[PDB]
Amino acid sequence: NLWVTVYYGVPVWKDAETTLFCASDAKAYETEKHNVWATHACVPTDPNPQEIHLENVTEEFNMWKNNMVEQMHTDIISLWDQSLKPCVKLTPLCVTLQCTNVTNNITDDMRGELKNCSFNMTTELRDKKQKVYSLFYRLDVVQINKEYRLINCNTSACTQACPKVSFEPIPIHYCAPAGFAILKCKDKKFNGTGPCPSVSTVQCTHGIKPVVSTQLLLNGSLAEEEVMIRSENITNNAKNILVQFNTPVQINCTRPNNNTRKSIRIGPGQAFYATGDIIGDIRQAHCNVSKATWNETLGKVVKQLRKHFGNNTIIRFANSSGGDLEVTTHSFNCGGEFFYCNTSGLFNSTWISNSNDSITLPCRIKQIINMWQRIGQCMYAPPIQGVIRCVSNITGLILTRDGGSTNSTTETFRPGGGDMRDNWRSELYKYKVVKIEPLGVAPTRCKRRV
C-alpha cells in the first residue's frame, strides 16, 4: 500500500565539527602592512551578510563544548608564531650585563624599576665587537649571584618581534565550507547552555577581534538590556564565571615616559633595537577608570549574582588570590607595548543587603614575554618610540569563587585569567556548526511506471 520515495536536498542537519576557513575585510588586505595575523592570506569577505531567519525551529547550543573556540585557539597561535620566523633572532644577547641604577629623573614610585646595563656585543664583522648599552626593565634581568643576565637565557634562544608588523587586532570572519552551515542564536536571554527559540543561519560569523587580555575583556561585543553571567556549572568553584556588560566602561592607559629607540648593528644584516636615554621625567605607567561609572556597573553585576547565589547573601569582591605577574595582573598591550596592571583598586568593595576620583591602576612593563604560556617561546617586544596613550572600554569580566565552607551568608569573587580561551567564548557563544544531510526517505503511495 505504502511505498518509499527518496528526496534530495531536504532541510536536515546534525551537529558536526569541521575546519572553518578565514574571511576578512579589505582594510588590512589593501594597506599591505602585514599585520601579525595573516589577514592578507585570509580570503576577502563577502560584500554583506546573508542571514536567513529560520522560523519554528529550535536548536540546542552549548558554548562550553563548542569546537569553534578550539580551532580559533590553534589558528591564532599558529599565525602568531609564523610572523616571527622571518625576522632576526636575538641569540647573541645572552652575555654578562653591567647594570647600574638610573637616577637622573626618577620618581619615588619608580625608584628601581629599570636598569642601565652595558655589555659587549658583536658587530657586522665577525672578528670585531662593539661596546654598547641599553635600558632594561628590572623584570627582564636577574642577578648572577653588578653582573646581570636576561631572564630568558637559561630558558631558550629568545626571538624579537619584528617592528614592521603591527599587533593591533583586525576583525576576522569564520566561514563554513560547502555542505556545512553555521547557526546563530538570537535569544537575548540565552545563558551558557540550553535551547534557543530564535535561530538564524549565516555563512560567515561577524568580525571577531583577537584581543588578548586577563581579568578584563576589552573591545568585545556587548550584551543588550542586561548584564549576562554565564558559567558551565555555577555551583562548582573550579569553573570560571563570564560576565558581559550591557553598557561599556572606558579605561585610559598611558606610558608617559618619552624614551628613544637606538638601533645596534649586530651581525650581518641584523639589528637590535635598544633603548636610549629617556627624555624628561621618568614616571610609571598607569590606567584610569572613572570611579562613578565603575561602581555603577558593579551594582548591576551584583544584581544578577543575587539571582544565582540567593537574593539575601553578601557579595564581596577581592583582588587576585596570588600568583605570578602573568595571571595575577591585567595583562594586555597598548600600541605594541605590553602592560601588567595592578587591579587591586577595582575589586575592593562589599555589598550588604542591597568626587570623580578616576581610580588609577599602576602598571608594570616588560620586554621579554611568554604570550601563550609556552615555555621556551619568546617574543621580545622592541621599544616603541615616543609616548603611548590608547583608549579602550571594558565589556566583561572573568571571575572565580573561593571558600563556601557551609557558611552560605558571604560570597567572594576574584579575577581569573588561567585559560586564554575564555576571552573568546564570550564572542563565539552564539554560534555552532552543523552539516547538511540532503538524503531522506519517506512513505508515499507511488510506484515506478515499469
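Residues carry their position along the shown sequence, with the first being 1.
Where the other entries of this protein model the residues before and after it, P47 is dropped from at least a third of them. Of the other entries compared for this protein that flank it with modelled residues, all give atoms for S408, so not even a third lack it. Unmodelled deposited residues between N354 and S355: 10 or more, per the record. A chain break between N145 and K146 is present, corresponding to 10 or more residues of the deposited sequence without coordinates.
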